[PDB]
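# Results of the structural survey
What follows is the residue order along each chain.
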Amino acid sequence: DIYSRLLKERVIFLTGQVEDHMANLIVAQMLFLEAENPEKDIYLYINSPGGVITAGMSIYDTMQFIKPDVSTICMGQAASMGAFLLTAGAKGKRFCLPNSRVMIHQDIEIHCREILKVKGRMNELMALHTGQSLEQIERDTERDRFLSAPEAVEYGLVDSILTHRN
Amino acid sequence: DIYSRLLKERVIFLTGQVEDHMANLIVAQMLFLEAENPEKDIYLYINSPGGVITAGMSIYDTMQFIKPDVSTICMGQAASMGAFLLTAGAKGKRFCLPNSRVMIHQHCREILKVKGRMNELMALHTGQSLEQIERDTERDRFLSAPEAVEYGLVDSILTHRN
Amino acid sequence: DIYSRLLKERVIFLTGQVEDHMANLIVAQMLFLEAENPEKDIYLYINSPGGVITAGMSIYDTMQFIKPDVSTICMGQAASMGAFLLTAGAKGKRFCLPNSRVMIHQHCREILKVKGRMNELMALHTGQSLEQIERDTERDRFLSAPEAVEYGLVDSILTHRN
Amino acid sequence: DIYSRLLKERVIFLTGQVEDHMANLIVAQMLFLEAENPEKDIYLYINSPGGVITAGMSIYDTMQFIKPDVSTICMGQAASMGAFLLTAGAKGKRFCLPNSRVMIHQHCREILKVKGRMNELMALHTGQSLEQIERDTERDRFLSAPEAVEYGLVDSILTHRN
Amino acid sequence: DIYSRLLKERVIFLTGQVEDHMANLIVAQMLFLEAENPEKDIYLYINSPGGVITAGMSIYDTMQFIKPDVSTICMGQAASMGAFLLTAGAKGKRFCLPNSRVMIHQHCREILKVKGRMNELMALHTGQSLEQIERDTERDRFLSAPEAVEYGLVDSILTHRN
Amino acid sequence: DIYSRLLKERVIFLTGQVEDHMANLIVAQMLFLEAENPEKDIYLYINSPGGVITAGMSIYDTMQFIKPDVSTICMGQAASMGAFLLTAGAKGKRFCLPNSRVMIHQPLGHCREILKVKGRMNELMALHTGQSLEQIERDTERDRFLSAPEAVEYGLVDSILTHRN
Amino acid sequence: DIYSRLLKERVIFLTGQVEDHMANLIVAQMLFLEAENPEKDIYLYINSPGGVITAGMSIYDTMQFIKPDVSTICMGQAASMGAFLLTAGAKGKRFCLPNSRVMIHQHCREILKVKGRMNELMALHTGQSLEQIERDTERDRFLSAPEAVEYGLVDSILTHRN
Amino acid sequence: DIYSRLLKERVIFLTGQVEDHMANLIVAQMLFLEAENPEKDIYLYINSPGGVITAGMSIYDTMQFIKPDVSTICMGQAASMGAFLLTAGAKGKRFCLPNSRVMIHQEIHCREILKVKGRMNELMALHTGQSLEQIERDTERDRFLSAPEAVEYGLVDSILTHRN
Amino acid sequence: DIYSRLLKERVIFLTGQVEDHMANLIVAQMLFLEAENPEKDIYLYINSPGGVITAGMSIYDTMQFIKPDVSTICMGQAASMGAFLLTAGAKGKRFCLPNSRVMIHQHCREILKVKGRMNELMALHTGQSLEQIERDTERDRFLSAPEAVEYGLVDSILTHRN
Amino acid sequence: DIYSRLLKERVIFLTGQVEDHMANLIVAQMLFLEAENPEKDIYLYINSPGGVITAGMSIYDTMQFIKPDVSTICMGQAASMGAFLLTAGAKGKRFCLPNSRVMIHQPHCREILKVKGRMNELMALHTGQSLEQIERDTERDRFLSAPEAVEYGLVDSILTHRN
Amino acid sequence: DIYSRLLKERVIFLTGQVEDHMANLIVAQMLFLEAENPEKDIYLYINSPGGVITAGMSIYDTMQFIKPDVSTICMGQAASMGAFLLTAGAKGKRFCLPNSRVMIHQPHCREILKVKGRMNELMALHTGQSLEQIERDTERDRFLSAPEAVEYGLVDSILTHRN
Amino acid sequence: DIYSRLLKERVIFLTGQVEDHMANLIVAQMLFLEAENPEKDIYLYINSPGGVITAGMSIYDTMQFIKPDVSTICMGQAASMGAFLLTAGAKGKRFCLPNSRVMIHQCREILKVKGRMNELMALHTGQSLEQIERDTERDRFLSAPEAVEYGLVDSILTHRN
Ligand SMILES: [Ca+2]
Ligand SMILES: [Ca+2]
Ligand SMILES: [Ca+2]
Ligand SMILES: [Ca+2]
Ligand SMILES: [Ca+2]
Ligand SMILES: [Ca+2]
Ligand SMILES: [Ca+2]
């Protein structure tokens, strides 16, 4: 199994729709690697169109909680909940491969109330990670747009562009 | 296997719809762990929207019965039965991650009795009065990690680990 | 594998709807454990809402035949055929967990035969009258953990592990 | 896999529909068991609603060919081909568990010829007459565990272990 | 598993309907047994109702090609292509079990062409006349174990191991 | 696994209808056998009714590229893409089991691109069978089976595998 | 597993539809081989009708990013994304087997943006003008192996292991 | 249409499972006959296992509401809502065919579910002549009445032997 | 519509599986034929394997209640309920066409009650005993049109409009 | 055709799920009856568990538009939109039969609040209830017997028997 | 047939998903009523969530072509293609029932942008708004109430009661 | 029925896929109208994305065959076969509605048939056989006037006057 062998090189993959089980499988992997060695870096390859907020947040909170710095490489695309986790990687360790696309955007009374709290919480965290203002993120997260690798770096969404192994 | 390897540090996951067989899987692990070492603590991660009530109660009863303290870290969400089992954790060893979400939610003779019995246990674990639980479960309640501590659903929040 | 590794502490799980496939998988585990050590007690966890009468009766008959006592622990629920098998465990070793719940009910002529025998068989196991069984199974009587001990359907409630 | 370990106890299962592929797996095991030890009895557990005759006849004729006496133990039910395979067990070693059902019931000229061939073998294994079997099998024949011993389909009720 | 050990006794099964993928698995087995010991015989049990003329004739030509004799033993039924491949076995080493049926039974340009080829090979193996082979191909014909010996499909019936 | 054992005897099996995945597997085994011993022959048994062109054409091109001679033994049937790959075997090492059944007239895959491919097939087949283009084109379009000895005559295969020695 | 074995030779396969997970499997294989020996060439056999742009642009970006040159052979066919990744291989080291097919054919504002970037890369690797690619990708353009070499999609035909 | 013709004989059929659309027809038919002659009796031929309660009550109330007395005639069976609407027939005009049989059974949600259950017993008892509590435990047990029994249960009046 | 003007000739057809909604159509036809003229005989042609009991029973009771006699005619087949309904006609006006199959066959307390009832109603109409009606329904019985007249099932055969 | 004949006495039936094509049929009937007689009352019998809001609101507005008063009668049940169209009848001409069940409960976030809010106003406007009573009743389900319905102000009066 | 009797009062219904065959049925009745009397008004009731372009465009072009002025009335909802046809009615004669609901969210990118630009041109044209405005407002998600439809100029006026 | 009543106005409709059975109904109509009055014209409203060739050609040949002039009118769209028939109407009387879309785009025996239709299409549109062989290869969308300049259609119907 390749995925197991690449785990020995502390590399984890995030592929496809984010839902409970693949998230739990990522959280499992992160906690495992930390256990093996809490000092070295985890490498998370993100290629996801997005998915369930509740699922993706478990992955986020694991990245922050564990002592290892998690490094997020975006290959292919990082849209919405994907983008969110890509930008949530250890500071100075977030990358795009050159041709990858990042994108942002995602009874009655009691539930509308809750999505609005959640939405505000996302924006607050995402501004904090990209270095943008809370206000700027609000405008841009409504804008159903795609950033290129360079633009994601200009936007503070990732740090630099992976281009060639040195 | 990553999950079986994670069982060598006494960590069990409860993920997704709480259903009869995934419930059984959890009970099998807890028993197994207890058998390896009935002293050391178990850590049960909970990311579930809820599920079948009899299936949930089997998870519950095993946690109380088995000798080890079962710690309950909630990640993502613990709604309905998820919340129940989260609050079911060893007193002092129940945690939310920061951006976790928790929710209070959910033959007539039997179901009315079943509900009442939950409401009681619910109060017991949170430390809120029967009446307090009784109003919130009826009318869908959401709780963030700080609120989850406030309510008594969990003890503290996990943020980082040094 | 966690079910197999529990099997070598003589633990067996009966879960979900009873039916031939799951049934003669339990019957195969019992015969297995007997062969290893015909003296040591087998432990059978029961969380089923009932099932196929054939399938269940195969487990009933297997529990009796084998030398080892089959202690039966109810968790979550034990409805009709599941209640039958719970009660059909080793007299003296029929446990409940506190928040479980037991419950009973269920060529036409010869269906009434099978009905009659079940009634008889459960009276033999509970300690009750064939009249009371015939009364309480006509209407679907729900039983709490303590109420189950009162009815002789189970022996004592497992609460904590000493 | 529990079942292949029980093959070390010379136990072979016969569950579910009697069709060609499963029937072959029975044969293969019996033929394998003979290889290991030609003297020691084989134990064919039979919980089957019956199926294809030809599939059943492979199992039947293999039983008679190998050296080991094949002891048929019935459980749950043994209908049509199931019954037939059960009654086909070694004379003196055909058993039943207390609550097991047993049943006997069921391109043209050959149909009436296979029918008769079955009846002859039925009567020759039960101790009955092919006059008696013909008249008696024709419909809805649910012989209970005792009825089956006093029809001569099996030899005794297995209740408990030696 | 079971089949890969019966292969250490040079024993192969032809189970169910004949088609390319099962046929190909059998040709792999025969080739393998030849590779291990070209001298010792192979043993091919057949319970087939028939199948693809293509798939069968690949089994046929491997049997005829590989050094070892392929003794055919029949159980249950050998209909059409199975009947064919039962007769295709080594002269002298073709066997029936007592209650095993056989059935000799089965763009014109070629279908007739290959038909004649079957009938010719059929008569070459059974020692029958090409017209009686034609009578039984065209109009269906069943043969019980002893009839198959008399008709010439197989050499003898197997009764017991000795 | 029986098929993995027979790989130590450098025997690959082309069973059923030819498509990308089964074909990739066959290619994978050819390259693998070449890896382990590039001189010793490889034995492709074919029982196939045909299939996709590009699936088969990777099996074909692999056969021609690798150092080993790929003997094709045919059993059961080789129809269309089956027949093609049968005839594609190393020369002098292409066989028929006596009651095998070779056949030609429709492979499997914008009309002028199809006619170009169809022409390429007919050419390669002609080259392998030693026939003219003329003939291949006439007879492919004709709906009839070939027996083992007829495929020998036509130059599809070289001889009949008969009995082992 | 045969694909494991060829990975010791640094051979990877890209068969069928280009899709997020199968693609992750290729990225994963390429990284593994990089780890093992960053100098020695990787060989990527392609037989695909194309697929998803994100899936393929992860295989593309890696091919460029990892140290070793990813030589690419095309067998059978490489259509749309297949062709693109085929022409993305190391300069000097892109091949077609003799009888293969290469083929180049294809919110909505960003769809045109992606298509443009795509065409620009296609031109860069083929040594062709952007506007030429823009016509060939639009009107479905088939290419024989010699036509793929002339077009500059691949470098040479790969006829025999010289 | 055969049913159309039998309608100007003032005959309507309640057949199969009781649900909104067929019940809506039965009500439309009864509303229609009232329009014709408000005094002449309607004859409702019942033959049904039962169905939805909301559906059944739309029939029941249209029977009680319209001027005409609705005569009822069980044929084959009248189970559950079939048993209910059969006994709802105009006092003194409820019938069974000799070999026809009758049978009677079938959180804030619970509150209302028990209300209905309570009401249906009160209407049953009221129409059957039995006490409210007689009906109560006699629906929990599933009850299979013969035609003569249906009269002894006070559910129907008499049996139908032949025409006059 | 054929059946409309053929109902002007007072002919009804009972064809197929006798269910509620087709039974209701027959009842309507009868009541309708009565209001037209309550003394001329209605003619019911039965070609049915039978079906639901409650359906057939309403058809039965109507025939009796309505004044005009319901002369039955068996064409094709009258089996189970169709067979029953056939014998239900006016004693003196029940017919079988020369070539017609009549066969006799067919909440447990009630099934045994209603099965009893069927029998005695069949018995009273036929002139047979309760014993013989019970005897012939358990296993098969195919009465030919002559045998049916002999059985007291119908009155006489209709060979010709003479 | 029974329903056509009943239409001659200005009787129209609302039955089952409220959706486009069944509602469109009801509006076509209501417009027809206006075209025949602009003055005389129309009687809409209701037996519906609810359905699509858009569909119900085309019934709602047709009832208010056409000159004829549309008298609503309730048979069986009137839940969600059912209860809404039931209250929409002519002030004074809204009935339940004695055993009519009436249920009051709720069937692009803030969008729906705006629709929800408007419905409540109409409800409180037809029932004479407080806006907050309609708000509270339609956030937890609410059951009404025929008498309860009358004192809620949902319908006007019960229909016992004929005249 | 209630719709056929309604047709004899020059009333047509456009209900549900707009697709080729039901749109043909509408185009059929329009030509028919033009043949019946070319000078007198036709009335189209719209309760559609939208649907296919080509199908919706045949109705549109038929409306503009026939000599009768087509009066559009919105009952229930008119979203996207429905709203497009709603606003396409003869100027003056376009209506919304009070609680009706109008929406204008987006109904080969080479061609699909050409079609989109055309749609917005025609929309702006029929509304009296700028192309630039219609371009921005169709961009994202909001329903319009009957009055908001009148102010934006989708529709000319709310139908009150039968005057 | 609406369509029988419009049939009095010698109006026929082509809607949806052009398969065998709908095509028959159209040929059955066109024949009926000719029987009713052979001089007076037939107005065929096309709104179709194309379909079966044998079906389309039965409509096409009936049109040419019968004495009434068949004025084709496009509404919505006329793609491939739909287009084919649109431009197969009586010359002079082939129309588009303002917002119509025409499209033209679709073994040894196939290439024959392809030519045969390219010939008739070229013969009906005016422009050369080769010019058509190019434009049917490309995913073509002609608007109303674009269609006119191409000669698929003769003018745009704007208003009844
Ligand atoms: Ca590189
Ligand atoms: Ca070059
Ligand atoms: Ca208020
Ligand atoms: Ca209030
Ligand atoms: Ca105009
Ligand atoms: Ca005007
Ligand atoms: Ca705006």
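### Observations regarding the interface of chain A and chain B
Facing 28 residues of chain A, the contacting portion of chain B comprises 26 residues. Interface of chain A and chain B: buried area, both sides summed, is about 2600 Å²; carbon and sulfur atoms make up 57% of it. Its largest share of buried area at the contact with chain B, chain A owes to A:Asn24, A:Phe65 and A:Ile110, together 26% of the area lost on that side. Across the chain A-chain B interface, the total number found is four salt bridges. Taking the shortest distance from any N to any O, the salt bridge between A:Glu34 and B:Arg161 comes out at 2.7 Å. Counting the contacts that link chain A with chain B gives nine residue pairs in polar contact. Mapped by element, the contributors of at least two residues to the side of chain A that touches chain B are α2 (20-36), α3 (53-65) and α5 (108-130) of chain A. Here the element with the most residues in the side of chain A that touches chain B is α2(A); it accounts for twelve residues.

### Regarding the side chain of H:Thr15
Turning to its location among the elements, H:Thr15 is positioned in strand β1 (residues 11-15). A distance of 2.5 Å separates polar atoms of two side chains, one belonging to H:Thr15 and the other to I:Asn24. Beyond its immediate sequence surroundings of up to four residues, H:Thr15 is in contact with H:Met22, H:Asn47, I:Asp20, I:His21 and I:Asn24.

### Notes on the sheet that holds strand β1 (residues 11-15) of chain E
Ordered by their spatial adjacency, five strands build an open sheet running β1-β2-β3-β5-β8 (chain E), and the pairing between neighbours is parallel. Two strands bound the open sheet, and with one partner strand each, they are β1 and β8 (156-157) of chain E. The sheet contact formed by strand β2 (residues 42-47) of chain E and strand β3 (residues 70-74) of chain E spans five bridges and is parallel. Following the sheet pairing, E:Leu44 is matched in β3(E) by E:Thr72. Against the sheet, helix α2 (residues 20-36) of chain D touches β1 and β2 of chain E, its axis set at about 160° to β1(E).

### Focus on the packing of α2(D) against helix α3 (residues 53-65) of chain D
Residues and elements named next belong to chain D. As a packed pair, α2 and α3 sit with axes 8 Å apart at the nearest point and diverge in direction by 10°. It follows that α2 is roughly parallel to α3 by the angle criterion. Taken together, the residues of α3 that come into contact with α2 (itself represented by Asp20, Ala23, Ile26, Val27 and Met30) are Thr54, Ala55, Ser58, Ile59, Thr62 and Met63. Its residues assigned to classes, the contact of α2 with α3 shows seven nonpolar, three polar and one charged.

### Brief notes about the interface of chain H and chain J
Taken together, the contact between chain H and chain J spans 28 residues of the former and 27 residues of the latter. At the boundary of chain H with chain J, total buried surface from both sides reaches about 2500 Å², with 59% on carbon and sulfur atoms. On the chain H side of the interface with chain J, the three residues burying the most area are H:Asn24, H:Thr54 and H:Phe65, jointly 26% of the side's total. At the junction of chain H with chain J, the criterion picks out three salt bridges. The salt bridge partner of J:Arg162 is H:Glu34, with a shortest N-O separation of 3.2 Å. One can count ten residue pairs in polar contact joining chain H with chain J. Residue assignment for the side of chain H that touches chain J shows that the elements contributing at least two residues are α2 (20-36), α3 (53-65) and α5 (108-128) of chain H. The biggest single contributor to the side of chain H that touches chain J is α2(H), with twelve residues. For the side of chain H that touches chain J, the per-class residue count stands at 14 nonpolar, six polar and eight charged.

### Here's the deal with the side chain of G:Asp20
Inspection of the secondary structure puts G:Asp20 in helix α2 (residues 20-36). Although G:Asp20 lies buried, it forms no salt bridge, and the closest oppositely charged side chain, A:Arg101, sits 9.1 Å away as judged by the N-O distance. Among the polar contacts listed, one links the side chain of G:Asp20 to the side chain of G:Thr54, at a separation of 3.4 Å. Look past the residues within four positions of G:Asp20 in its chain and what remains in contact with it is A:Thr15, A:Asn47, G:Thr54 and G:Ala55.

### Some points on the UniProt feature "active site" in chain B
The sites that carry the UniProt feature "active site" are, in the present numbering, B:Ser80, B:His105 and B:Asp140. Relative to the elements of secondary structure, B:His105 occurs in the loop between β5 (101-104) and α5 (108-126). When its relative accessible area of 32% is taken as the criterion, B:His105 is described as partly exposed. When residues no more than four places from it in sequence are discounted, the contact partners of B:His105 are B:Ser80, B:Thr137 and B:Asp140. The class for B:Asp140 is partly exposed, based on a relative accessible area of 22%. Once residues lying within four places of it in the same chain are set aside, the contact partners of B:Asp140 are A:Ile110, B:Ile104 and B:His105.

The rules behind each value
Residues numbered from 1 in each chain as written, not as in the entry; some residues may be left out. Chains lettered and ligands numbered in written order. Part of a larger assembly, values for the part shown. Heavy atoms only, no water. Contact = heavy atoms within 4.5 Å. Buried area = accessible area lost by both parts, 1.4 Å probe. Salt bridge = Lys/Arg side-chain N within 4 Å of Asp/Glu carboxyl O. Polar contact = N/O pair within 3.5 Å; in protein donor to acceptor, adjacent residues only side chain to side chain. Helix = DSSP H or I, 4+ residues; strand = E, 2+ residues; numbered from the N terminus. Pairing = 2+ DSSP bridges. Axes fitted to C-alpha atoms, helices over the stretch in contact; angles between N-to-C directions. Parallel < 35°, antiparallel > 145°, perpendicular 65-115°, else oblique. Nonpolar A, V, L, I, M, F, W, Y, C, P; charged D, E, K, R; others polar. Buried < 20%, exposed > 50% of the residue type's maximum accessible area, 1.4 Å probe, protein only. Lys, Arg positive; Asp, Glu negative; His and termini not counted. UniProt positions renumbered as here; feature names shortened; annotations may be inferred.

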